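**Q** What follows is a single structure, and I will ask about it in a moment.
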Number of protein chains: 2
Amino acid sequence: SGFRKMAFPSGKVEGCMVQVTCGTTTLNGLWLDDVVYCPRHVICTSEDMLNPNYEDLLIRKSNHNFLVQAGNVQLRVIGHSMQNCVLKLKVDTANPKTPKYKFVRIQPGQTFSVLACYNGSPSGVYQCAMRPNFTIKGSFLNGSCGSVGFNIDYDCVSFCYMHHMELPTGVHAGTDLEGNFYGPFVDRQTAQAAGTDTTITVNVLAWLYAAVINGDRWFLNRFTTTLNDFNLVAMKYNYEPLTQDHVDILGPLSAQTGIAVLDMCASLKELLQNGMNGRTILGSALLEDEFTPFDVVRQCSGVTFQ
Amino acid sequence: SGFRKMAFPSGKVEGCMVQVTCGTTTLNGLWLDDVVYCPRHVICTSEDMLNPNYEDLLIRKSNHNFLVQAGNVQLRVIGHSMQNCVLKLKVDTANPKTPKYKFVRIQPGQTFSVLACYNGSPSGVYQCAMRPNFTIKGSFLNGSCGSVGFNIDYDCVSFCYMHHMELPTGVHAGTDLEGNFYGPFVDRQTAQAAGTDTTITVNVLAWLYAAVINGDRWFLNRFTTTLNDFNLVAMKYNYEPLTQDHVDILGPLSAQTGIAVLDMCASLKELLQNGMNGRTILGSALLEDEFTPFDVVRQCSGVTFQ
Ligand SMILES: *[C@H](F)C(=O)N(C[C@@H]1CCNC1=O)NC(=O)[C@H](CC(C)C)NC(=O)c1cc2c(F)cccc2[nH]1
Ligand SMILES: *[C@H](F)C(=O)N(C[C@@H]1CCNC1=O)NC(=O)[C@H](CC(C)C)NC(=O)c1cc2c(F)cccc2[nH]1
Ligand SMILES: [Cl-]
Ligand SMILES: [Cl-]
Ligand code: NI
Ligand code: NI
Ligand code: NI
Ligand code: NI
Ligand code: NI
């Protein structure tokens, strides 16, 4: 019982975090085998980031210019190469703490844990969703660049995010570990605007199923709705349209609780139209959209990681 | 920018989790140096658990009765003793991954990270506060017994909680690492009521400072208040009394934002009297009370752990 914003255990990722310094710029890198992955931003001076020619700037950089520190040990850089917005520093030592890992590009509406780091040391861990507008609502300060987002499945770390940018609205933007941004963002010292965001309907439904699993059932009503009638309400409240693919993904939670997906949609319609009337769901006064169906099953079934 | 429920990185604690089995009962243990700490519940069979005489049950146990597994390695138990509600199993091997550590008993309002575990393997990490009623709002399933709660200062892990019980309202009770329960609770199979809970006033004020640090300051009014006049209002909304110690603990945040503690108290007094009127603070429609003043500084200044 209980339902919390639950992060993956961070130890497998902690063992990969290093400090990268080039000239006056220090940020985080990810050390996997004999490669350190970091934001290519690290090579730039102030006047470089005007409209930086990374091909031209990197040609001028020595392996010797990169200072890479794994705790109290300097790692020697023996080669460098750029992949999109990520710099790959080849080092002379393979990280003995490298976990089984993959690089994955996640979809909007999926979640991941962030290990927020400064000077290659961890500050903390929290859960994030990739928003429909390809931002995340992170917690990041100066020097957080190169902090990563990840999921774990059994023993395998799937890295999905490397932190680069804060927008003026105070939300965050970054890349996958192939250095391709999520969304229409660039790695520049500029004020950049995100598209309009939307509420992740399938996740709100997942969280209402979590509430039912945890015995918070007051919002359940006797009403049912069609998918079309529900979507006419979704649109008005800036919720994403619920597809049959989403209904299919909620199958397992519907089967666990005995509440048909379109019956839960009727309860969500009532909450959108009428509000909560002073009540809370899983301790929240708002409808939560940063838990996936899989996040709910993970937490409610006690899935562990080896 | 941003403000998240942020846990400590869990790696140092992950390296201490083991499985303890006595007969048919399996739960989690904490392996520090050559001692494994676990709930004494592990020595109960069926129809021991409703009114166990733990002293009598432990007399009948041999060292070999305790199966302790650290991953796929079995640890040899060479002694056992009971301290309050915790079992101390002396093993013939010191844990090479033992961090610098202390055992501390925390006060209501203090927060900590929980590494929820099953069969000695971590499921996830989240933040909890010790509630005024000496419960915690965790996320725990069957077999979570012996999961621990902790803080990190620099490199020192302060363990403050070991999980034992779920209460009827779906909240949680457990002990310090000396085996003394927080609150009136006992390690027995019986429904045990938590006291009516209250709001942690010093933490709400800390979170209002986090809001101001993040440029969310709509709720700041042009008034001040005395500590007396504030408490007269607090006590009508099920808030904890604010003390001068609370005021001084909030001093650094007051210094950072230029808002005197008593001026912030006047803004909180107006939020209690008038409500939030559909407005949000740091993305919440409720006043959040599970961040301490140190939690806000750690997160907003990027404090790291080595
Ligand atoms: C890089 F080292 C780093 O840590 N960050 C993290 C930002 C800092 C504050 N909170 C964060 O998440 N990245 C940067 O500082 C970005 C560097 C670029 C070149 C990748 N810059 C920005 O995020 C940025 C610049 C800028 C601006 F010029 C105007 C408005 C907003 C803005 N954001
Ligand atoms: C012990 F191994 C363990 O994992 N748990 C964790 C509980 C399980 C469900 N969620 C949790 O947090 N502890 C127990 O199962 C407790 C064992 C005792 C004997 C120490 N029992 C309870 O937590 C319990 C028993 C009980 C009851 F009989 C009525 C109402 C509530 C209640 N909780
Ligand atoms: Cl006792
Ligand atoms: Cl106001
Ligand atoms: Ni439960
Ligand atoms: Ni040199
Ligand atoms: Ni900021
Ligand atoms: Ni004995
Ligand atoms: Ni044997």
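Identifiers for the structure tokens are assigned positionally: chains receive A, B, ... in sequence, residues are indexed from 1 per chain, and ligands are indexed from 1 in the order shown.
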What are the residues of chain A lining chain B at 6 Å or less? Count only C-alpha atoms, and put the answer as a PyMOL selection string.
**A** chain A and resi 1-3+6-11+121-126+138-140+170+285+303-304
**Q** Write down as a ChimeraX atom specification the residues of segment 70-262 of chain B whose backbone DSSP state falls under helix (DSSP H, G or I).
**A** /B:201-213,227-234,244-249,251-257,261-262
**Q** Neighbouring residues of residue 257 of chain A were defined as those with any atom within 10 Å, considering only C-alpha atoms; residues of the same chain fewer than 4 positions away were excluded. Please report them as number ranges by chain.
**A** A: 209-210, 212-213, 252-253
**Q** With only C-alpha atoms as the basis for distance, which of A:112, A:177, A:75, A:165 is at the shortest distance from residue 150 of chain A?
**A**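 Ranking A:112, A:177, A:75, A:165 by distance to residue 150 of chain A, first place goes to A:112.
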**Q** Excluding residue 188 of chain B and residues on its chain fewer than 4 positions from it, collect all residues at most 10 Å away from it, counting only C-alpha atoms, and give them as a list in words.
**A**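 What passes the distance filter is residues 41, 48, 49, 50, 51, 52, 164, 165 and 192 of chain B.
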**Q** Keeping only N, CA, C and O atoms, write the selected residues as a short mmCIF file (atom, residue, chain, number, x, y, z; two decimals), in the first residue's frame.
**A**
data_model
loop_
_atom_site.label_atom_id
_atom_site.label_comp_id
_atom_site.auth_asym_id
_atom_site.auth_seq_id
_atom_site.Cartn_x
_atom_site.Cartn_y
_atom_site.Cartn_z
N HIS B 41 10.68 -10.00 13.39
CA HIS B 41 9.53 -10.70 12.76
C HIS B 41 10.01 -11.97 12.01
O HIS B 41 9.25 -12.94 11.94
N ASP B 48 2.61 -17.63 15.26
CA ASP B 48 3.55 -16.93 16.16
C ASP B 48 3.22 -15.43 16.11
O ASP B 48 3.38 -14.76 17.13
N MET B 49 2.71 -14.94 14.97
CA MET B 49 2.80 -13.50 14.59
C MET B 49 1.73 -12.66 15.32
O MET B 49 1.95 -11.42 15.44
N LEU B 50 0.64 -13.27 15.82
CA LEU B 50 -0.44 -12.48 16.49
C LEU B 50 -0.02 -12.08 17.91
O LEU B 50 -0.20 -10.88 18.23
N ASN B 51 0.60 -12.96 18.70
CA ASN B 51 1.22 -12.54 19.98
C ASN B 51 2.52 -13.30 20.21
O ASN B 51 2.63 -14.18 21.07
N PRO B 52 3.57 -12.97 19.43
CA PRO B 52 4.85 -13.66 19.56
C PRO B 52 5.53 -13.29 20.88
O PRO B 52 5.55 -12.14 21.24
N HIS B 164 8.79 -2.12 9.37
CA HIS B 164 8.13 -3.31 9.99
C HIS B 164 6.65 -3.47 9.63
O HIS B 164 6.24 -4.63 9.51
N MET B 165 5.84 -2.40 9.60
CA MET B 165 4.36 -2.54 9.72
C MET B 165 3.62 -1.67 8.71
O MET B 165 4.03 -0.51 8.48
N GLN B 192 -3.52 -1.48 14.17
CA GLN B 192 -3.02 -0.46 15.13
C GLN B 192 -3.32 0.91 14.54
O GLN B 192 -2.75 1.20 13.49
#
**Q** Can you tell me which residues surround residue 197 of chain A at a distance of at most 9 Å, considering only C-alpha atoms, apart from same-chain residues fewer than 6 positions away, and format the answer as a PyMOL selection string?
**A** chain A and resi 131-135+238
**Q** Rounded to one decimal in Å, what is the spacing between atom CA of residue 182 of chain B and atom CA of residue 239 of chain B?
**A** 20.3 Å
**Q** Give as a PDB file with N, CA and C atoms, in the first residue's frame the residues surrounding ligand 9 up to a distance of 10 Å, considering only C-alpha atoms and all ligand atoms.
**A**
ATOM      1  N   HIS B  64      22.565 -21.590  12.375  1.00  0.00           N
ATOM      2  CA  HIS B  64      22.377 -22.209  11.040  1.00  0.00           C
ATOM      3  C   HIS B  64      20.930 -22.039  10.563  1.00  0.00           C
ATOM      4  N   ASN B  65      19.984 -21.779  11.474  1.00  0.00           N
ATOM      5  CA  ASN B  65      18.554 -21.546  11.124  1.00  0.00           C
ATOM      6  C   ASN B  65      18.419 -20.275  10.273  1.00  0.00           C
ATOM      7  N   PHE B  66      19.369 -19.353  10.380  1.00  0.00           N
ATOM      8  CA  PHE B  66      19.319 -18.068   9.632  1.00  0.00           C
ATOM      9  C   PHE B  66      20.070 -18.222   8.310  1.00  0.00           C
ATOM     10  N   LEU B  67      19.326 -18.169   7.207  1.00  0.00           N
ATOM     11  CA  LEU B  67      19.875 -18.174   5.842  1.00  0.00           C
ATOM     12  C   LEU B  67      20.007 -16.726   5.376  1.00  0.00           C
TER      13      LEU B  67
END
**Q** Taking only C-alpha atoms and all ligand atoms and a cut-off of 12 Å, can you tell me which residues surround ligand 3, written as a PyMOL selection string?
**A** chain B and resi 39-41+52-55+82-87+175-176+178-182+184-188
**Q** I need the residues from that last selection saved to file as a short mmCIF file (atom, residue, chain, number, x, y, z; two decimals), in the first residue's frame (with C-alpha atoms), if you can.
**A**
data_model
loop_
_atom_site.label_atom_id
_atom_site.label_comp_id
_atom_site.auth_asym_id
_atom_site.auth_seq_id
_atom_site.Cartn_x
_atom_site.Cartn_y
_atom_site.Cartn_z
CA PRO B 39 13.29 -7.14 11.86
CA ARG B 40 12.85 -9.79 14.58
CA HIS B 41 9.53 -10.70 12.76
CA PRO B 52 4.85 -13.66 19.56
CA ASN B 53 7.11 -14.08 22.61
CA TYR B 54 10.23 -13.06 20.61
CA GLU B 55 12.64 -13.79 23.55
CA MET B 82 18.01 -9.17 19.70
CA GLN B 83 18.01 -5.42 20.47
CA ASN B 84 14.40 -4.19 20.92
CA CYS B 85 12.59 -5.13 17.63
CA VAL B 86 15.79 -5.73 15.55
CA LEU B 87 17.82 -8.94 15.16
CA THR B 175 11.92 1.41 14.05
CA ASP B 176 15.25 3.15 14.29
CA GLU B 178 18.39 0.21 17.51
CA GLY B 179 14.97 -1.47 17.00
CA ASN B 180 12.88 1.14 18.92
CA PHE B 181 9.58 1.93 17.15
CA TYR B 182 8.71 5.48 16.16
CA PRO B 184 3.24 3.66 20.01
CA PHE B 185 3.33 0.77 17.47
CA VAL B 186 4.33 -2.88 18.05
CA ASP B 187 5.57 -5.66 15.71
CA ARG B 188 2.40 -7.83 15.98
#
**Q** What's the 7 Å shell around residue 262 of chain A, counting only C-alpha atoms, without same-chain residues fewer than 3 positions away, as a PyMOL selection string?
**A** chain A and resi 224-227+265-266
**Q** Between A:78, A:282, A:297, A:173, single out the one closest to ligand 1, counting only C-alpha atoms and all ligand atoms.
**A** A:173
**Q** Ligand 8: which residues are within 7 Å, counting only C-alpha atoms and all ligand atoms, as number ranges by chain?
**A** B: 58-62, 80
**Q** Those residues with N, CA, C and O atoms, as an mmCIF file, in the first residue's frame please?
**A**
data_model
loop_
_atom_site.group_PDB
_atom_site.id
_atom_site.type_symbol
_atom_site.label_atom_id
_atom_site.label_comp_id
_atom_site.auth_asym_id
_atom_site.auth_seq_id
_atom_site.Cartn_x
_atom_site.Cartn_y
_atom_site.Cartn_z
ATOM 1 N N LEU B 58 13.528 -16.831 20.090
ATOM 2 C CA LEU B 58 14.948 -16.635 19.706
ATOM 3 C C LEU B 58 15.811 -17.665 20.438
ATOM 4 O O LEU B 58 16.746 -18.168 19.820
ATOM 5 N N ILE B 59 15.425 -18.030 21.661
ATOM 6 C CA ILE B 59 16.123 -19.099 22.438
ATOM 7 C C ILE B 59 16.179 -20.385 21.603
ATOM 8 O O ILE B 59 17.231 -21.057 21.619
ATOM 9 N N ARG B 60 15.125 -20.705 20.852
ATOM 10 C CA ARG B 60 15.018 -21.972 20.090
ATOM 11 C C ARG B 60 15.757 -21.898 18.755
ATOM 12 O O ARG B 60 15.811 -22.932 18.088
ATOM 13 N N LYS B 61 16.260 -20.731 18.348
ATOM 14 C CA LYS B 61 16.935 -20.575 17.034
ATOM 15 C C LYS B 61 18.436 -20.853 17.170
ATOM 16 O O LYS B 61 19.046 -20.373 18.127
ATOM 17 N N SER B 62 18.990 -21.609 16.226
ATOM 18 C CA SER B 62 20.443 -21.814 16.024
ATOM 19 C C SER B 62 20.931 -20.837 14.955
ATOM 20 O O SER B 62 20.112 -20.438 14.099
ATOM 21 N N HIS B 80 23.873 -14.558 17.077
ATOM 22 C CA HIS B 80 22.606 -13.801 16.966
ATOM 23 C C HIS B 80 22.305 -13.137 18.305
ATOM 24 O O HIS B 80 22.599 -13.714 19.373
#
**Q** Can you measure atom CA of residue 90 of chain B to atom CA of residue 76 of chain B for me? One decimal in Å is fine.
**A**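 About the pair atom CA of residue 90 of chain B and atom CA of residue 76 of chain B: they are 8.5 Å apart.
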**Q** Residues at most 12 Å from residue 274 of chain A, counting only C-alpha atoms, excluding those fewer than 6 positions away in the same chain, as a list in words?
**A**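 Returned residues: residues 219, 267 and 268 of chain A.
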**Q** Please return as a ChimeraX atom specification: the residues of segment 1-127 of chain A that backbone DSSP assigns to strand (DSSP E).
**A** /A:17-22,25-32,35-39,66-70,73-75,77-83,86-91,100-103,111-118,121-127
